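Engineer: Pasting target.pdb below, which is PDB, C-alpha atoms and all ligand atoms.
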ATOM      1  CA  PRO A  58       0.000   0.000   0.000
ATOM      2  CA  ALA A  59       0.996   3.633  -0.759
ATOM      3  CA  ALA A  60       2.380   5.988   1.912
ATOM      4  CA  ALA A  61      -0.343   7.842   3.804
ATOM      5  CA  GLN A  62      -0.388  11.636   3.498
ATOM      6  CA  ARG A  63      -0.896  13.995   6.385
ATOM      7  CA  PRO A  64      -3.304  14.443   8.089
ATOM      8  CA  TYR A  65      -3.482  10.799   9.170
ATOM      9  CA  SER A  66      -6.475  11.722  11.346
ATOM     10  CA  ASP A  67      -9.718  12.011   9.368
ATOM     11  CA  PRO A  68     -12.762  13.889  10.799
ATOM     12  CA  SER A  69     -15.280  11.506   9.154
ATOM     13  CA  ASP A  70     -13.642   8.381  10.671
ATOM     14  CA  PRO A  71     -13.418   8.826  14.512
ATOM     15  CA  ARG A  72     -11.391   5.608  14.529
ATOM     16  CA  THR A  73      -8.406   7.649  13.179
ATOM     17  CA  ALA A  74      -8.768  10.625  15.586
ATOM     18  CA  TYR A  75      -5.446  10.243  17.388
ATOM     19  CA  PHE A  76      -3.230   9.097  14.471
ATOM     20  CA  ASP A  77      -1.370  12.391  13.938
ATOM     21  CA  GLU A  78      -0.846  12.851  17.679
ATOM     22  CA  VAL A  79       0.538   9.331  18.130
ATOM     23  CA  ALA A  80       2.807   9.786  15.073
ATOM     24  CA  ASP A  81       4.098  13.084  16.499
ATOM     25  CA  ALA A  82       4.681  11.553  19.948
ATOM     26  CA  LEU A  83       6.619   8.701  18.384
ATOM     27  CA  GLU A  84       8.834  11.152  16.409
ATOM     28  CA  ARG A  85       9.499  13.065  19.638
ATOM     29  CA  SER A  86      10.490   9.989  21.693
ATOM     30  CA  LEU A  87      13.006   8.839  19.099
ATOM     31  CA  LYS A  88      14.560  12.339  18.718
ATOM     32  CA  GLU A  89      14.995  12.380  22.525
ATOM     33  CA  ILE A  90      17.163   9.224  22.409
ATOM     34  CA  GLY A  91      19.081  10.515  19.324
ATOM     35  CA  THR A  92      17.219   8.694  16.519
ATOM     36  CA  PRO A  93      15.722  10.533  13.523
ATOM     37  CA  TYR A  94      12.122   9.421  12.933
ATOM     38  CA  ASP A  95      12.871   8.875   9.183
ATOM     39  CA  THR A  96      15.807   6.560   9.962
ATOM     40  CA  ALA A  97      13.575   4.353  12.204
ATOM     41  CA  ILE A  98      10.182   4.590  10.438
ATOM     42  CA  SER A  99      10.301   4.160   6.661
ATOM     43  CA  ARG A 100       6.591   4.590   5.903
ATOM     44  CA  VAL A 101       3.175   5.142   7.501
ATOM     45  CA  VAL A 102       0.040   3.537   6.031
ATOM     46  CA  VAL A 103      -3.614   4.097   6.864
ATOM     47  CA  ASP A 104      -6.024   1.432   5.658
ATOM     48  CA  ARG A 105      -9.566   0.644   6.787
ATOM     49  CA  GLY A 106      -9.209   2.757   9.920
ATOM     50  CA  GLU A 107      -5.928   1.286  11.148
ATOM     51  CA  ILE A 108      -2.493   2.927  11.214
ATOM     52  CA  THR A 109       0.696   0.955  10.539
ATOM     53  CA  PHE A 110       4.191   2.268  11.162
ATOM     54  CA  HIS A 111       6.678   0.416   8.939
ATOM     55  CA  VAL A 112       9.681   0.118  11.228
ATOM     56  CA  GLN A 113      13.244  -0.786  10.220
ATOM     57  CA  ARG A 114      14.369  -3.978  12.038
ATOM     58  CA  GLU A 115      17.625  -2.269  13.024
ATOM     59  CA  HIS A 116      15.549   0.023  15.322
ATOM     60  CA  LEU A 117      12.556  -2.175  16.349
ATOM     61  CA  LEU A 118      13.716  -2.801  19.909
ATOM     62  CA  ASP A 119      14.114   0.936  20.658
ATOM     63  CA  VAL A 120      10.740   1.849  19.082
ATOM     64  CA  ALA A 121       8.999  -0.874  21.080
ATOM     65  CA  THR A 122      10.700   0.245  24.306
ATOM     66  CA  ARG A 123       9.762   3.907  23.652
ATOM     67  CA  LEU A 124       6.179   2.893  22.750
ATOM     68  CA  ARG A 125       5.830   1.091  26.092
ATOM     69  CA  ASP A 126       7.722   3.472  28.464
ATOM     70  CA  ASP A 127       7.047   7.019  27.175
ATOM     71  CA  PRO A 128       4.144   8.568  29.151
ATOM     72  CA  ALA A 129       2.746  10.066  25.903
ATOM     73  CA  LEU A 130       2.533   6.604  24.223
ATOM     74  CA  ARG A 131       2.150   3.961  27.007
ATOM     75  CA  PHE A 132       1.258   0.888  24.894
ATOM     76  CA  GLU A 133       0.925  -1.758  27.611
ATOM     77  CA  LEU A 134      -0.770  -4.446  25.473
ATOM     78  CA  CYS A 135       1.029  -6.389  22.726
ATOM     79  CA  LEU A 136      -1.716  -8.417  20.974
ATOM     80  CA  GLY A 137       0.927 -10.668  19.372
ATOM     81  CA  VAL A 138       3.065 -10.605  16.263
ATOM     82  CA  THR A 139       1.805 -12.253  13.057
ATOM     83  CA  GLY A 140       3.932 -13.295  10.085
ATOM     84  CA  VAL A 141       3.135 -12.583   6.432
ATOM     85  CA  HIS A 142       5.206 -13.595   3.401
ATOM     86  CA  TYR A 143       5.293 -11.802   0.011
ATOM     87  CA  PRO A 144       7.172 -13.793  -2.639
ATOM     88  CA  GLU A 145       7.098 -10.901  -5.146
ATOM     89  CA  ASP A 146       8.464  -8.305  -2.632
ATOM     90  CA  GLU A 147      12.140  -8.950  -3.494
ATOM     91  CA  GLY A 148      14.567  -8.265  -0.639
ATOM     92  CA  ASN A 149      11.727  -7.788   1.903
ATOM     93  CA  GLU A 150       9.716 -10.959   1.441
ATOM     94  CA  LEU A 151       9.178 -11.749   5.167
ATOM     95  CA  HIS A 152       7.009  -9.291   7.123
ATOM     96  CA  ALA A 153       5.935  -9.307  10.793
ATOM     97  CA  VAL A 154       2.857  -7.362  11.972
ATOM     98  CA  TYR A 155       2.575  -6.231  15.594
ATOM     99  CA  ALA A 156      -0.775  -4.914  16.843
ATOM    100  CA  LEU A 157      -0.276  -2.743  19.989
ATOM    101  CA  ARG A 158      -2.875  -1.045  22.178
ATOM    102  CA  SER A 159      -2.683   1.701  24.860
ATOM    103  CA  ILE A 160      -5.407   1.557  27.519
ATOM    104  CA  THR A 161      -4.134   4.757  29.197
ATOM    105  CA  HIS A 162      -4.496   6.965  26.115
ATOM    106  CA  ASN A 163      -7.029   4.744  24.228
ATOM    107  CA  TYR A 164      -4.826   4.232  21.142
ATOM    108  CA  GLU A 165      -4.352   1.347  18.681
ATOM    109  CA  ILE A 166      -1.536   0.956  16.147
ATOM    110  CA  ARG A 167       0.406  -1.663  14.233
ATOM    111  CA  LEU A 168       4.125  -1.982  13.687
ATOM    112  CA  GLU A 169       5.290  -3.802  10.550
ATOM    113  CA  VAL A 170       8.911  -4.929  10.224
ATOM    114  CA  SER A 171      10.298  -6.790   7.224
ATOM    115  CA  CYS A 172      13.453  -8.698   6.336
ATOM    116  CA  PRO A 173      14.830 -10.547   3.301
ATOM    117  CA  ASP A 174      14.682 -14.312   2.840
ATOM    118  CA  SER A 175      18.480 -14.106   2.267
ATOM    119  CA  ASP A 176      18.917 -12.622   5.800
ATOM    120  CA  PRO A 177      15.708 -13.561   7.706
ATOM    121  CA  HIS A 178      16.417 -11.904  11.070
ATOM    122  CA  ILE A 179      14.157  -9.524  13.055
ATOM    123  CA  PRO A 180      15.033  -8.716  16.660
ATOM    124  CA  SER A 181      12.818 -10.329  19.299
ATOM    125  CA  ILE A 182      10.942  -7.903  21.508
ATOM    126  CA  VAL A 183      10.324 -10.349  24.354
ATOM    127  CA  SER A 184      12.565  -8.103  26.526
ATOM    128  CA  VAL A 185       9.905  -5.379  26.208
ATOM    129  CA  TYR A 186       6.726  -7.483  25.801
ATOM    130  CA  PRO A 187       7.123 -10.977  27.372
ATOM    131  CA  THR A 188       3.737 -12.040  25.908
ATOM    132  CA  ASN A 189       5.169 -11.936  22.387
ATOM    133  CA  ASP A 190       7.371 -15.049  23.017
ATOM    134  CA  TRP A 191       5.020 -17.709  21.632
ATOM    135  CA  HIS A 192       3.906 -15.497  18.739
ATOM    136  CA  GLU A 193       7.493 -14.982  17.630
ATOM    137  CA  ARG A 194       7.980 -18.728  18.012
ATOM    138  CA  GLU A 195       4.972 -19.413  15.775
ATOM    139  CA  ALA A 196       6.162 -16.867  13.242
ATOM    140  CA  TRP A 197       9.459 -18.770  13.149
ATOM    141  CA  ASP A 198       7.802 -22.182  12.711
ATOM    142  CA  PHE A 199       5.721 -21.247   9.661
ATOM    143  CA  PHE A 200       7.954 -18.603   8.039
ATOM    144  CA  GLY A 201      11.562 -19.016   9.163
ATOM    145  CA  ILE A 202      11.884 -15.516  10.669
ATOM    146  CA  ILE A 203      14.721 -15.833  13.213
ATOM    147  CA  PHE A 204      13.873 -13.618  16.188
ATOM    148  CA  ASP A 205      17.373 -12.649  17.476
ATOM    149  CA  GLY A 206      17.572 -12.427  21.290
ATOM    150  CA  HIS A 207      14.530 -14.688  21.745
ATOM    151  CA  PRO A 208      14.741 -16.629  25.052
ATOM    152  CA  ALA A 209      14.718 -19.957  23.145
ATOM    153  CA  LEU A 210      17.948 -18.961  21.248
ATOM    154  CA  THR A 211      20.240 -18.753  24.381
TER
HETATM  155 CO    CO B   1      10.259 -16.455   0.647
END
Show the structure stored in the file as structure tokens.
Ligand SMILES: [Co+2]
Structural biologist:
Amino acid sequence: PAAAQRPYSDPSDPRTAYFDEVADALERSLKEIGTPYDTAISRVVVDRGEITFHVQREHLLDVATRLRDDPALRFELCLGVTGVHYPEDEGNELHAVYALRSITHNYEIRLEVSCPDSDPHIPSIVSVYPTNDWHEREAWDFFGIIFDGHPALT
């Protein structure tokens, strides 16, 4: 899907109300720890009332940490990663989709990290969200995405 254009929030779809605010807050958190938003997030997509931040694997662990700990984000719930494979998407054929939810601020977003079949590694985020352990494990079983740092790999 094509890159969403600002504003991500749309008046006629309440479901998107907080998208621009969440996006801003995420840019701010990463600047604060010395990471340009554009270097960490490659693309934002808005489809059927859901926002997806396409995150670079290199920076997934930091983004996740910032999403959980920053008071302006506070995503406590990690619904569980899901794998998706695109044979025609050369160099980025293995994707992982993470639905996250913030009860505090009443937000919902998705992260989406990809990696090539030639180097199928995405960092585990069990350190941040323990719940994600089995989901990463299942993503590995079916797709072959190696979740570096996963408890089972020590
Ligand atoms: Co493949």
Engineer: Name the residues that the PyMOL selection byres (((not hetatm)) within 7 of (chain B and resi 1)) picks from the file above, as a PyMOL selection string, using the file's chain letters and numbers.
Structural biologist: chain A and resi 142-144+150-151+174
Engineer: Within 12 Å of residue A:152, counting only C-alpha atoms, which residues show up once you throw out same-chain ones fewer than 3 positions away? Write them as a ChimeraX atom specification, please.
Structural biologist: /A:111-114,138-144,146-149,155,168-174,177-179,193,196-197,200-203
Engineer: Need the shell around stretch 89-102 of chain A: protein/DNA/RNA residues with any atom at most 10 Å away, counting only C-alpha atoms. Skip same-chain ones fewer than 2 positions apart. Format as a ChimeraX atom specification?
Structural biologist: /A:58-63,65,80-81,83-87,104,107-117,119-120,123,167-170
Engineer: On this file, the PyMOL selection byres (((chain A and resi 130) around 12) and not hetatm) gives some set of residues; write that set as a PyMOL selection string.
Structural biologist: chain A and resi 75-76+78-87+120-129+131-134+157-166
Engineer: So how far away is atom CA of residue A:145 from atom CA of residue A:189, in Å?
Structural biologist: 27.6 Å
Engineer: How far is it from atom CA of residue A:103 to atom CA of residue A:198, in Å with one decimal?
Structural biologist: 29.2 Å
Engineer: Record the distance separating atom CA of residue A:136 and atom CA of residue A:175, expressed in Å with one decimal.
Structural biologist: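 Between these atoms lies a distance of 28.1 Å.
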Engineer: Kindly indicate which residue among A:77, A:190, A:67, A:176 lies nearest to residue A:207, using only C-alpha atoms for the distances.
Structural biologist: A:190
Engineer: Identify the residues around (10.3, -15.2, 23.8) within a radius of 12 Å, measuring from all atoms listed in the file in the coordinates stated by the file, and give them as a list in words.
Structural biologist: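 Those within range, by chain then number, are residues 137, 138, 180, 181, 182, 183, 184, 185, 186, 187, 188, 189, 190, 191, 192, 193, 194, 195, 196, 197, 203, 204, 205, 206, 207, 208, 209, 210 and 211 of chain A.
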Engineer: Please reconstruct the missing atoms of stretch 106-131 of chain A (target: N, CA, C and O atoms) and return them as a tab-separated table (two decimals), keeping the file's coordinate frame.
Structural biologist:
chain	number	residue	atom	x	y	z
A	106	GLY	N	-9.22	2.24	8.56
A	106	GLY	CA	-9.21	2.76	9.92
A	106	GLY	C	-8.11	2.32	10.86
A	106	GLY	O	-8.23	2.50	12.06
A	107	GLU	N	-7.05	1.74	10.33
A	107	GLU	CA	-5.93	1.29	11.15
A	107	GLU	C	-4.65	1.93	10.64
A	107	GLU	O	-4.50	2.09	9.43
A	108	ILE	N	-3.77	2.32	11.56
A	108	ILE	CA	-2.49	2.93	11.21
A	108	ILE	C	-1.39	1.90	11.42
A	108	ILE	O	-1.43	1.13	12.39
A	109	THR	N	-0.43	1.88	10.50
A	109	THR	CA	0.70	0.96	10.54
A	109	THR	C	1.99	1.72	10.32
A	109	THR	O	2.15	2.37	9.29
A	110	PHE	N	2.90	1.64	11.28
A	110	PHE	CA	4.19	2.27	11.16
A	110	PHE	C	5.18	1.22	10.67
A	110	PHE	O	5.47	0.27	11.40
A	111	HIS	N	5.70	1.37	9.45
A	111	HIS	CA	6.68	0.42	8.94
A	111	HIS	C	8.01	0.76	9.54
A	111	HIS	O	8.64	1.75	9.16
A	112	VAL	N	8.44	-0.06	10.49
A	112	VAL	CA	9.68	0.12	11.23
A	112	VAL	C	10.84	-0.71	10.67
A	112	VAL	O	10.66	-1.88	10.27
A	113	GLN	N	12.02	-0.11	10.64
A	113	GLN	CA	13.24	-0.79	10.22
A	113	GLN	C	13.68	-1.71	11.35
A	113	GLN	O	13.74	-1.29	12.51
A	114	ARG	N	13.96	-2.98	11.03
A	114	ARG	CA	14.37	-3.98	12.04
A	114	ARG	C	15.50	-3.50	12.95
A	114	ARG	O	15.48	-3.74	14.16
A	115	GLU	N	16.47	-2.83	12.33
A	115	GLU	CA	17.62	-2.27	13.02
A	115	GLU	C	17.22	-1.48	14.27
A	115	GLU	O	17.94	-1.47	15.26
A	116	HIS	N	16.06	-0.82	14.22
A	116	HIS	CA	15.55	0.02	15.32
A	116	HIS	C	14.27	-0.47	16.02
A	116	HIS	O	13.70	0.29	16.81
A	117	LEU	N	13.82	-1.69	15.75
A	117	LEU	CA	12.56	-2.17	16.35
A	117	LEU	C	12.55	-2.20	17.88
A	117	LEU	O	11.55	-1.84	18.51
A	118	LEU	N	13.65	-2.65	18.46
A	118	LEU	CA	13.72	-2.80	19.91
A	118	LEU	C	13.57	-1.43	20.60
A	118	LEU	O	12.83	-1.31	21.58
A	119	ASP	N	14.23	-0.41	20.08
A	119	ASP	CA	14.11	0.94	20.66
A	119	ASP	C	12.68	1.48	20.53
A	119	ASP	O	12.11	1.96	21.50
A	120	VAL	N	12.11	1.37	19.33
A	120	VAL	CA	10.74	1.85	19.08
A	120	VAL	C	9.75	1.21	20.04
A	120	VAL	O	8.92	1.90	20.63
A	121	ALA	N	9.86	-0.11	20.18
A	121	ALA	CA	9.00	-0.87	21.08
A	121	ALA	C	9.16	-0.37	22.51
A	121	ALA	O	8.16	-0.06	23.18
A	122	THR	N	10.40	-0.26	22.97
A	122	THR	CA	10.70	0.24	24.31
A	122	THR	C	10.08	1.63	24.52
A	122	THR	O	9.40	1.86	25.52
A	123	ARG	N	10.30	2.54	23.57
A	123	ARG	CA	9.76	3.91	23.65
A	123	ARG	C	8.23	3.91	23.64
A	123	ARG	O	7.60	4.70	24.33
A	124	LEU	N	7.64	3.02	22.84
A	124	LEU	CA	6.18	2.89	22.75
A	124	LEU	C	5.58	2.44	24.07
A	124	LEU	O	4.49	2.87	24.43
A	125	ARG	N	6.29	1.56	24.78
A	125	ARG	CA	5.83	1.09	26.09
A	125	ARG	C	6.10	2.08	27.24
A	125	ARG	O	5.21	2.36	28.02
A	126	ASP	N	7.32	2.61	27.33
A	126	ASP	CA	7.72	3.47	28.46
A	126	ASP	C	7.38	4.96	28.42
A	126	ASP	O	7.20	5.56	29.48
A	127	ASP	N	7.34	5.58	27.25
A	127	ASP	CA	7.05	7.02	27.18
A	127	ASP	C	5.63	7.28	27.72
A	127	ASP	O	4.69	6.56	27.38
A	128	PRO	N	5.49	8.28	28.62
A	128	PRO	CA	4.14	8.57	29.15
A	128	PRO	C	3.13	9.03	28.10
A	128	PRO	O	1.93	8.88	28.32
A	129	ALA	N	3.61	9.59	26.99
A	129	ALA	CA	2.75	10.07	25.90
A	129	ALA	C	2.31	8.96	24.92
A	129	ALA	O	1.48	9.20	24.04
A	130	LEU	N	2.87	7.76	25.07
A	130	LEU	CA	2.53	6.60	24.22
A	130	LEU	C	1.89	5.50	25.07
A	130	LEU	O	0.73	5.14	24.85
A	131	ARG	N	2.63	4.98	26.05
A	131	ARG	CA	2.15	3.96	27.01
A	131	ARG	C	1.33	2.80	26.43
A	131	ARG	O	0.19	2.55	26.85
